[PDB]
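Note: hydrogens, waters and symmetry copies are ignored here, and every other heavy atom, side chains too, is used. Labels below follow one simple rule: chain letters A, B, ... track the order of the sequence lines, proteins then strands, and each chain is numbered from 1.
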Amino acid sequence: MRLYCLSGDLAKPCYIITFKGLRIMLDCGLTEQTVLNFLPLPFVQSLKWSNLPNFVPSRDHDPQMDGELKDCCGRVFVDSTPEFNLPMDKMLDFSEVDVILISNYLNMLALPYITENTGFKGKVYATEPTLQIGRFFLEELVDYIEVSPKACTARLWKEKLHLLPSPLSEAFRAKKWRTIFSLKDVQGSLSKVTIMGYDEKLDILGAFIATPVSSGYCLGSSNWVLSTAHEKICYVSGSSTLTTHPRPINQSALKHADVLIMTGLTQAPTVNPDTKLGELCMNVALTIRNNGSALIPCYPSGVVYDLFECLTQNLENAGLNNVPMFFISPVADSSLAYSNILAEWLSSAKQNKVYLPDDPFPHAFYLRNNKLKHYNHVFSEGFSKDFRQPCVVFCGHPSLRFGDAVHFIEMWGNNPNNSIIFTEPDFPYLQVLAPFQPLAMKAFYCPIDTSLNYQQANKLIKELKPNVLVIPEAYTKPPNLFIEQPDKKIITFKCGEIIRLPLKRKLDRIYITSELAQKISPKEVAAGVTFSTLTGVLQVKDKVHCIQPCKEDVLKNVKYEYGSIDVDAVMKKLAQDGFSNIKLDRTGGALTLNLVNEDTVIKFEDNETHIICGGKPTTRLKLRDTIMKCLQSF
Amino acid sequence: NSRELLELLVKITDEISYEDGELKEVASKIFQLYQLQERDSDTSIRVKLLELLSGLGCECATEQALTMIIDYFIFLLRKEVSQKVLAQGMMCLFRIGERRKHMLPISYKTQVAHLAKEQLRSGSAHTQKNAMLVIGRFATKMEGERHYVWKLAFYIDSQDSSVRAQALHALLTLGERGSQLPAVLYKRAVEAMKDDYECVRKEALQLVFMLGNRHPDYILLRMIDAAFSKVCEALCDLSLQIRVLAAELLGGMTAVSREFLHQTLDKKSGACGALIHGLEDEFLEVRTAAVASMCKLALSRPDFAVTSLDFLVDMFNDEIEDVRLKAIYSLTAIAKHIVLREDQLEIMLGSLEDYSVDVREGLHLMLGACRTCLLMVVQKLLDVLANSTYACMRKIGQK
Amino acid sequence: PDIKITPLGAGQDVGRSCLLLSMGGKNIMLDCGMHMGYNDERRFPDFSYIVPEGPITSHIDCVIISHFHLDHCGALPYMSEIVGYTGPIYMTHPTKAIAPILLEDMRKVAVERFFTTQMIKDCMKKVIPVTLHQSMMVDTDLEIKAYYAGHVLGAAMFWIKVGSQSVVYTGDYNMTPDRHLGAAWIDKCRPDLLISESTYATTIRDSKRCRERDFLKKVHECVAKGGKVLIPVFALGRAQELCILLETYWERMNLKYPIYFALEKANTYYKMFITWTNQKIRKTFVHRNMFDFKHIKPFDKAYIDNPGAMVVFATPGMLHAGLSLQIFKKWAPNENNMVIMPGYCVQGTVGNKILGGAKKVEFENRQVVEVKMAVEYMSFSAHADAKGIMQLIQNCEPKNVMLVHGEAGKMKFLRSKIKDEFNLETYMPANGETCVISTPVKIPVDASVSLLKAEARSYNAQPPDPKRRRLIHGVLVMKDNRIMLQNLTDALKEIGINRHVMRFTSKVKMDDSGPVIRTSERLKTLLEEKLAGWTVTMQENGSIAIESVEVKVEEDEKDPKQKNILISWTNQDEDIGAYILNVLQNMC
Ligand SMILES: O=P(O)(O)O[C@H]1[C@H](OP(=O)(O)O)[C@@H](OP(=O)(O)O)[C@H](OP(=O)(O)O)[C@@H](OP(=O)(O)O)[C@H]1OP(=O)(O)O
Ligand SMILES: [Zn+2]
Ligand SMILES: [Zn+2]
């Protein structure tokens, strides 16, 4: 089997494997980190992003590239729409692909780029929460970019990168960056997805069985197992071992894979998420106490469900009450309503709260009071009535380049008592707020990420014990933060490599009927193994063979001859049958038999017995049975 | 060293641009680099070089560079032995073909079709599928008719679902752009609707539709009543896509009958309740298609439009916006064979109280075109206002 | 192997459903239920057939509950704590959420006129819930899978597999959708047996709109004359659809009569489990939730003797043991008011007598009532009719059919139709008697991929005509408990034993004067004409070959007019090395 690597971003995989004439894509994800090279996209905004100084890169310039790059008093930014990065499209044609398997919603956001205007005709498989929450994320990216749009008019920097300074001079590809897909592309793409559940065992075109096996990381996040009766491929992406609200990790069913592909680690591995949650609560309580506000840029359905609960508990245990929270996102009502539908996908502590008819997530309670409110946008009607300060605002995009959050950075920026906390490791925080640098606001950066630091991943792999371990190159690379398994072999793929994994099929599962099974005649040939000869008529009809019993006149009678005969068997048993005139030419390496009833000769070699001279038909048969009675047969 | 060449090939094909003279030299260098490759080397290098040549010929615009690159493909694939490279070469020829479709001389089309046909026997179920794809685009009329219809029709009984589906799809593609598909193919398409895989049932249903539409008066009992019944039975399919497609197809076979068409709404041999079953579907995309197909079937036939009034009036009180809009527009378009009535106007006018401004506009347009009962329309329209109503008031007065 | 089924309930009858399925060394209990028509010992299934006088935990491997209706889950705490069972019980999450409520209500109405609250709590602590299409691996060599059935919230059809034998049990299912609860869906899994319910085996019900129009028209006509309507339902189940459509109709026609539901956390369970409803509720549940009504009011007892006009949804269905029977007693000796029976009345209940045409109802302690009210049976029970049964048969494609939840004559009619249409064998065992079904063996083999590839290469030389045959052949080797289809060379190499070949050539003399090349060409022509079914190749050394036979010439025929011909064949093709030589002896 091959493994095509299509993604140079460690956080967002995209792989293709070929298992049995089938090409299977694993986790088509979107690199959102390339949006930090561009300027922020505000809703309606003053002359701050206007009248910015141009950048001239100290060498030969062009009349056209001026105005494309502007500086923000230390750094250079492109004045254009965000232009996300995606898997490479020419290592394979996306129409060769027959099946796409999706693990998380976060590893999902580049699906409309693959499935819609290419020649793709296959199936897409995911769990129900991944499809729904990925629908939320895709709709929210389209919404944020289309609320206050800009124009893609900044191509000329892409052709020349050695001129430009440090941060964007290492742009990965930058010529295959695409701006955004549209809403009907989302509808058409998600119409091709078909719901699966944990441990479903679905047959894929007769070639293998696919099964998602509940990596305890997100709502509906899964690891994938492809199985035949003799092979087993396991793909591991999300994988949290700590205890939290999703259904915990099922490492039972990853246990004996022939190939184990491992993708997603913490991206902040020297960090305990619980003490960072505690630092979040400490910092937000301290800025509330100082008559300031708090803005937490976040995804619409990620760890915000835990942020609400832990925030309320620590704030009310800190002697603070009546502190409002606002969830502002164009999918926030949909997310908050849909989150209470998924009791079957939760951990035991929250799942048990629906047998007694209660809401598994606490934030529904916060909506029956007025502690938590939610609005589509900051400009939505009713927000200006209910807005109070001090407050904690859970808002739009963590990148701060589009969404509601940009507005808040303009409004709360210059008061020193306000504070940002960034909780997403996918976005370096000092890069994120780079064009806001006359800030005077606090900007604390407490990173929460519950997904397998290296010390847990080593334990997981040496507990799983796969035959083969296929990982990125950056993992086996040095505080000893690297995967080492000295007792097994590790294969290693970089960004654009076709790697040719070592898995060879040697067996295949077929069936026989009862009659032909009865016709079998075992013969003991060695200590604990017997032989038999089989013949029949085959009826495959998909890949499920079946051997029915029966140029078929002579073929279904064949046996095979082992046990080369010794010297004192043929002539000793041919003398007394009725023909006792055997002439034996016993040459120094062979035997020769001449006989008088008719001209015939029997030549014996230590590995071969044969005749030369024949005659009338009955002359053959005495030689036939005399040789056959004392020579071993199946 | 082989790995380094593969890495260079991947980087080049990622960064290349075939749109933007030297084509002979680079084509010959690709040919020579293909030649040196030993057997039991990496086949991915050969695949990369073939797809490089393929894109480079997909953007040619010279009418002789295309033929030179096609000749390179023919020469390289006629001696190829590995099935992976052969299937990829078939796909490359397929991409060249559909990108141009107008620029290859007919001799070259015949040669490419013959080359694809020669791989049908020794193929590895991927080469066979891609070869039938190339046969589908490259076979012309009068040679698909005499040789390729039977050759592909044999592969409907193939052991693999992909190969069966591709055989049916290639027969459909030949049938589209001119070819006489015989009526004896019909029995082969019906039996292909019992396949365990949706990708084969889909093309089989397409082929049944096509065969019943162009041989409408064949016997064995009129070959479009049989096709109508067979597509009616596909409204109970196990897959949603085939069910949606059957509901869409059912309205396109206009020349069916009276006695068979009138069975669909006359509930209780496969058509006896089909449109009623499709209108009471749980899936939105099936209900909408059933409404549209019933509208198409009733547009020409007056009596069916009379009997198809109560069902489409029923679809007014559906709690999905799109099904409501489809029913309203279908009643607007049908509104020449029908006389409205008080009991129907009850359910019909109960829907004048919608929050969104799509339903009220379309339903005004419906009442304008449509024909004691005059009071209740005026009684209900006056409430909603207390532009669209005035224009609807202008038209209802004129008739 | 055999599949044996004994029904402890729902055999040529309805209610008290319970089946015992045994195949492959396992025993499975399907739907432990109870009887509404009776309250003596035969109210509950007779668990003495499994093992008399003791806990059954060693003789049942799993229990499986389809849905929360009491004729299918009613005896669950009785089975779990009275007789005893300390194993796993499998059902869907809504069934585990809702069965305690129905059981507690039925225990309230039963103890007054038996298990307790505590044993309901303890029986629900043994339940392991299961999701849709999850292959729940019960102890090795036993597999369970749940399918959507419709007909109540969380109902399932179950697929049970033990060692290449599979059974589908439908429970109760509806093949047509309704307001909530989309249709039943099964795939083409081809079970060896399909156990199906046949409550409506002889009917083809009209349509959605005819039934809804009849119900709404009757309700409106009765209530607009000052009359009162009683609807006996259960607290959760089919009542929600009637509430939805009545509230829709009374929002549409804007009526102002009162409508009450006589019970209060029932609708929050429908709110928690929106993923088990149909598409149009999952689409609209965020903004317009259909499970709060703002026309249905809570009901009070003092409203029974009011003089107005109302519609009352009462708490026990079938009018058997509670408030519905009280309101029916109060409103029965009056004209211009009615009761609407929306489901199936298990015989022995009051509603069965009412629907049978009886005008005299005799109660306890000599109470006689004349039912002057209108009695209108209608079908909102959401069961599968004859068309739905035939469609399920066609969808899943079983080898056998079995009918349980229905009446005997309707089963016989549907069995005749099944044999006429599908040519299948349909069984219908009575209560207490076992049916046994036979199934082939089908032992599997681990063949070699190279052998199959070689056979497929040989076959793929002509187009795939299904009328010709394939001729796979190899060596069958088994070492421990593993059977392997290998080639001769591979198997002999693995075992270490070498191979002996016996190699047979012979001299045939014929009369010719020309060169031996002409003789060889004549032989080739004659063999091709007489056999015409074997590959004959003339190797350019002047040597003939047929697939294992080579034919040569000795000594270059020193004497003219004499030809000596070597016919050389192995034992493995002895027939084609012998008979054809006789052809020579029939021509020379
Ligand atoms: O000789 P085959 O029976 O056709 O085996 C092929 C072949 O494997 P090998 O030739 O290395 O044994 C393919 O490799 P190529 O040489 O054609 O590149 C390989 O394709 P991958 O490169 O994707 O591994 C394919 O395996 P797959 O099942 O992934 O298509 C595998 O077929 P089988 O392993 O099924 O026999
Ligand atoms: Zn039921
Ligand atoms: Zn029942």
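Under the 4.5 Å side-chain criterion, counting only non-hydrogen atoms from C-beta, B:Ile276 is not in contact with B:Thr264.
In this structure, C:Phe115 has its ring center at least 6.0 angstrom away from the ring center of C:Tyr78.
Taking the ring pair (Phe, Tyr, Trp, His ring centres under 6.0 Å) definition, one finds that C:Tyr147 meets it with C:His133, sequence neighbours left out. C:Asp305 is linked by a salt bridge (charged side-chain N to carboxylate O under 4.0 Å, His left out) to nothing, counting only residues two or more places apart in sequence or in another chain.
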May I have the step-by-step check of side-chain hydrogen bond (donor to acceptor under 3.5 Å, both in side chains) for C:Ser379 and C:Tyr200, ending in yes or no? CA-CA 10 Å; C:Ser379 85; C:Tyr200 284 131; 5.5 Å; no
Stepwise side-chain contact (heavy atoms from CB on, under 4.5 Å) check, C:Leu245 with C:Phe215: CA-CA 10 Å; C:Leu245 67 93; C:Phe215 174 72; 3.5 Å; yes
Given C:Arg16 and C:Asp71, is the salt bridge (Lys or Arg N to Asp or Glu O under 4.0 Å) satisfied, shown in steps? CA-CA 5 Å; C:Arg16 187 270 303 278; C:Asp71 45 347; over 6 Å; no
Report the C-alpha separation of C:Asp31 and C:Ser66 in whole Å, then their side-chain angles, then the decisive distance to 0.1 Å, and conclude whether the side-chain hydrogen bond (donor to acceptor under 3.5 Å, both in side chains) test is met. CA-CA 6 Å; C:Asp31 274 335; C:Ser66 56; 2.6 Å; yes
Using the side-chain contact (heavy atoms from CB on, under 4.5 Å) rule, take B:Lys267 and B:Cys272 through it: C-alpha gap first, then chi angles, then the decisive distance, then the call. CA-CA 6 Å; B:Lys267 66 96 178 177; B:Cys272 275; over 6 Å; no
Salt bridge (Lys or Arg N to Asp or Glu O under 4.0 Å) between B:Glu319 and C:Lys283, worked out: CA-CA 10 Å; B:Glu319 52 270 40; C:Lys283 281 274 197 298; over 6 Å; no
For C:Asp172 and C:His383, what are the C-alpha separation, side-chain angles and deciding distance, and is it a side-chain hydrogen bond (donor to acceptor under 3.5 Å, both in side chains)? CA-CA 7 Å; C:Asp172 268 331; C:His383 276 114; 3.1 Å; yes
Would you check, one step at a time, whether the test salt bridge (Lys or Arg N to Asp or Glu O under 4.0 Å) holds for C:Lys217 with C:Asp214? CA-CA 5 Å; C:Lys217 159 180 188 61; C:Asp214 289 9; over 6 Å; no
Walk me through it: do C:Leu246 and C:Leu216 pass the test side-chain contact (heavy atoms from CB on, under 4.5 Å)? CA-CA 7 Å; C:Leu246 215 57; C:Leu216 289 177; 3.7 Å; yes
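In this structure, CG on C:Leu181 lies 12.0 Å from OG1 on C:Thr176, to the nearest 0.5 angstrom. Atom CG of C:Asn337 and atom CG of C:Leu230 lie 9.5 Å apart (nearest 0.5 Å). Rounding to the nearest 0.5 Å places CG of C:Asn334 at 9.5 Å from NZ of C:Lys372. Distance check: C:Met390 CE to C:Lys417 NZ gives 8.5 Å after rounding to the nearest 0.5 Å. With rounding to the nearest 0.5 Å, the separation of CG in B:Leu265 from CG in B:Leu309 is 11.0 Å. Between the CD atom of C:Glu212 and the CG atom of B:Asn317 there is a distance of 8.0 Å, given to the nearest 0.5 Å.
Other residues, nucleotides and ligands place more than 12 heavy atoms under 6.0 Å from the CD atom of B:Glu282. The number of heavy atoms from other shown groups lying within 6.0 Å of CD (C:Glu41) does not exceed 12. Around the CD atom of C:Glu335, the shell of radius 6.0 Å holds no more than 12 heavy atoms that belong to other residues, nucleotides or ligands.
Checked by atom type and distance alone, the side chain of C:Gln240 pairs as donor or acceptor with a backbone atom of C:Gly237 at under 3.5 Å. Judged purely by atom type and a 3.5 angstrom limit, C:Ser198 has no side-chain atom pairing as donor or acceptor with the backbone of C:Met411. Side chain of B:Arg287 to backbone of B:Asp281: a donor-acceptor contact under 3.5 angstrom is found. C:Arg211 contributes a side-chain N or O that, together with a main-chain N or O of C:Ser207, makes up a donor-acceptor pair within less than 3.5 Å. In this structure a side-chain-to-backbone donor-acceptor pair under 3.5 Å is present from C:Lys353 to C:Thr349. When atom types are taken as modelled, the side chain of C:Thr202 and the backbone of C:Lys410 share no donor-acceptor pair closer than 3.5 angstrom. Between the C:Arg282 side chain and the C:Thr277 main chain, a donor and an acceptor come within less than 3.5 Å of each other. Between the side chain of C:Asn278 and the backbone N or O of C:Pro177 there is no donor-acceptor pair closer than 3.5 Å. For the pair C:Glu104 (side chain) and C:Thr117 (backbone), a donor-acceptor distance under 3.5 Å is absent. When atom types are taken as modelled, the side chain of C:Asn306 and the backbone of C:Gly308 share no donor-acceptor pair closer than 3.5 angstrom.
Looking at C:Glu376 and C:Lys218, a side-chain N of the basic residue comes within less than 4.0 Å of a carboxylate O on the acidic one, giving a salt bridge. With salt bridges taken as basic N to acidic carboxylate O contacts below 4.0 Å, one links C:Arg42 and C:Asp40.
Judged by a 6.0 Å distance limit and a 45° cone about the ring axis, C:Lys96 is positioned over the six-membered ring of A:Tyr355. Annotation: cation-pi pair C:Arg252/C:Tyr249 absent, no NZ/CZ under 6.0 Å from the ring centroid and within 45° of its normal. Stacking of C:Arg209 on the aromatic ring of B:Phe311 is recorded, both the 6.0 Å distance cut-off and the 45° axial limit being met.
Classified by interplanar angle (parallel below 30°, tilted 30° to 60°, perpendicular above 60°), the ring pair C:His67/C:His72 is tilted. Note on ring orientation: taking the six-membered ring where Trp is involved, the planes of C:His151 and C:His69 are perpendicular (angle over 60°, cut-offs 30° and 60°). By the 30° and 60° cut-offs, the orientation of the rings of C:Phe234 relative to C:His320 is tilted.
A side-chain donor-acceptor contact under 3.5 Å links C:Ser196 and C:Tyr173. Defined by atom type and a distance below 3.5 Å, a donor-acceptor pair is present between the side-chain atoms of C:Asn254 and C:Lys256.
The side chain to side chain contact (heavy atoms under 4.5 Å, CB included) test with C:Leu8 singles out one residue from C:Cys32, C:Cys18, C:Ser17, and that residue is C:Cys18. The only option from C:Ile120, C:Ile65, C:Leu70 that meets the side chain to side chain contact (heavy atoms under 4.5 Å, CB included) definition with C:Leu76 turns out to be C:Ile65.
Residue pairs meeting the ring pair (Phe, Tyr, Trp, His ring centres under 6.0 Å) criterion with at least one partner in residues 251-271 of chain C, sequence neighbours excluded, are C:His180-C:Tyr270, C:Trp250-C:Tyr257, C:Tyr260-C:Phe299, C:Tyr260-C:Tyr303, C:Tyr270-C:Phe291.
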